[PDB]
Amino acid sequence: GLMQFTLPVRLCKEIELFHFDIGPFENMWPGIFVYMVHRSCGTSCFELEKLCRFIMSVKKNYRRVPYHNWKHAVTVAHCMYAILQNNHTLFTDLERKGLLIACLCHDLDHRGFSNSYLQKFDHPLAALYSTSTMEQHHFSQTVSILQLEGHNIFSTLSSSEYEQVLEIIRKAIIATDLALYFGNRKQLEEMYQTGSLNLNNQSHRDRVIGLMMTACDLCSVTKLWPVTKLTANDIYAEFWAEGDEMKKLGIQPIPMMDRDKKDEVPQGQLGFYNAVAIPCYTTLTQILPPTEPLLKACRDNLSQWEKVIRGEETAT
Ligand SMILES: Cn1ncc(C(N)=O)c1C(=O)Nc1ccc2[nH]c(-c3cccc(Cl)c3)nc2c1
Ligand SMILES: [Mg+2]
Ligand SMILES: [Zn+2]
């Protein structure tokens with residue numbers, strides 16, 4: 001275990017920032033992920049050769065879609081790294097291990113379509129899994145990959161530790177279904193405001209980890225403006241392809257998925273920062289005060305979208 005992963009000077013500094021962008025060199029992202037695992041977990045959490053084989057099989061089962069791709073997996077994992085490193089006294093050995101892996105695996109085999117498009121299309125995944133359809137598919141892909149030869153990165157855990165870390169990963173992946181976020185955040189807001197929240201309660205921990213997953217999964221809204229604006233182009237590239245598919249079934253798409261409604265994107269973003277993102281990072285900051293820079297960069301990008309609405313800025 002005398003093989004440390006090292007990063008160039010600028011990446012070693014800036015990867016500690018919540019707003020870090022992992023860059024356009026795909027062949028560096030496995031190295032970045034391993035480095036974050038060695039520092040947040042430890043060099044002996046996993047055998048390097050199995051982790052590397054795992055990472056490359058995971059990469060292989062992400063698709064060449066505009067947004068829900070391999071670069072999103074690593075980006076979401078980096079946001080979990082920042083949260084873990086700035087809160088290191090609060091999490092267990094098994095939570096460190098499981099959570100970066102859950103983030104890497106959390107959108108495995110995404111085709112760029114929502115749970116609603118699978119219901120309206122009558123995709124077979126919708127018969128198998130009636131709610132959190134894609135998310136139950138992503139967990140199931142995670143299990144397939146763990147069961148490939150030489151891919152059990154959790155080989156040294158007991159039977160009952162292996163079962164807990166898989167349950168951490170299952171719950172974390174299910175939580176990235178944004179339809180569940182609204183309930184989970186309501187519950188955590190009441191629990192914090194009445195002072196009933198208890199990190200020794202497993203059902204409370206599950207809720208906090210879920211919100212952590214929502215925060216990590218939306219983290220595009222918490223990058224510097226040019227990253228935030230450029231990533232919104234890839235998100236809408238997918239939404240509009242899905243709305244096209246909705247039209248082919250003879251169904252009117254909701255406005256965010258209609259490419260004809262392109263000029264209303266700035267007002268849509270504002271709707272989404274006020275109804276989803278700001279509440280998300282506000283609640284997470286109350287629970288984990290050191291996650292502050294996420295909410296701060298969210299508020300900053302809200303102003304940016306407001307400048308776009310008043311013509312002081314453009315977005316093509
Ligand atoms: C930035 N980011 N990061 C993660 C996600 C995510 N997974 O949702 C998003 C995101 O952009 N979501 C989003 C949600 C609701 C929207 N509603 C409109 C919208 C409404 C009315 C007219 C128009 Cl034209 C458009 N746009 C939306 C975008
Ligand atoms: Mg997802
Ligand atoms: Zn995601």
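Numbers below:
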{"item": "Check on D260, of a type in the set (D, E, K, R), without any contact (Cβ under 8 Å) to a residue 12 or more places away in the chain, away from ligand 2 (no atom under 16 Å from the Cβ) and in a helix (DSSP H, G or I)", "result": "yes"}
{"item": "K186 more than 16 Å from ligand 2 (Cβ to nearest atom), of a type in the set (K, R) and free of Cβ contacts under 8 Å to residues at least 12 places away in the same chain", "result": "yes"}
{"item": "Subset of the range 72-88 that is more than 16 Å from ligand 3 (Cβ to nearest atom) and among the polar types (S, T, N, Q) - its residue that is farthest from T228 (Cα to Cα)", "result": "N87"}
{"item": "Cβ-Cβ under 6 Å pairs, at least 6 apart or on other chains, the range 276-294 side within 19 Å of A179 (Cα to Cα) and of a type outside the set (S, T, Y), far side in a helix (DSSP H, G or I) and within 16 Å of ligand 3 (Cβ to nearest atom)", "result": "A277/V221; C280/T214; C280/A215; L284/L211; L284/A215"}
{"item": "Search result, residues across the range 12-28 that are part of a helix (DSSP H, G or I) and under 20 Å from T228 (Cβ atoms)", "result": "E14"}
{"item": "Those helices (runs of 4 or more DSSP H) lying entirely in the range 109-207 with at least 1 residues of a type in the set (V, I, T)", "result": "133-146, 159-175"}
{"item": "Qualifying positions in the range 273-284 - crowded, with 18+ Cβ neighbours inside 10 Å and of a type in the set (A, V, I, L, M, F, W, C)", "result": "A277, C280, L284"}
{"item": "Only listed residue being under 22 Å from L90 (Cα atoms) and more than 16 Å from ligand 2 (Cβ to nearest atom), chosen from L148, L157", "result": "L157"}
{"item": "Condition met for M191 (within 16 Å of ligand 1 (Cβ to nearest atom) and among the hydrophobic types (A, V, I, L, M, F, W, C))", "result": "no"}
{"item": "Candidate set from the range 217-245 (those that are outside any helix (DSSP H, G or I) and not charged (D, E, K, R)); member that is nearest to ligand 1 (Cβ to nearest atom)", "result": "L218"}
{"item": "Residues of the range 89-131 satisfying the condition of being hydroxyl-bearing (S, T, Y) and away from ligand 3 (no atom under 13 Å from the Cβ)", "result": "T89, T92, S116, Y117, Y129, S130, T131"}
{"item": "Test: residue in the range 209-222 that is surrounded by 14 or more Cβ atoms within 10 Å (Cβ to Cβ), farther than 22 Å from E135 by Cα, in contact (Cβ under 8 Å) with a residue 40 or more places away in the chain and within 16 Å of ligand 3 (Cβ to nearest atom)", "result": "yes"}
{"item": "All positions within the range 45-68 that are surrounded by fewer than 19 Cβ atoms within 10 Å (Cβ to Cβ) and either in a helix (DSSP H, G or I) or free of Cβ contacts under 8 Å to residues at least 40 places away in the same chain (or both)", "result": "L48, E49, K50, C52, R53, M56, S57, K59, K60, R64"}
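For neighbour counting, all protein chains shown are included, and Cβ atoms are generated from backbone atoms with ideal geometry for every residue, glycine included. Quick note: the coordinates plus some simple rules give every number you see, no bench work behind them.
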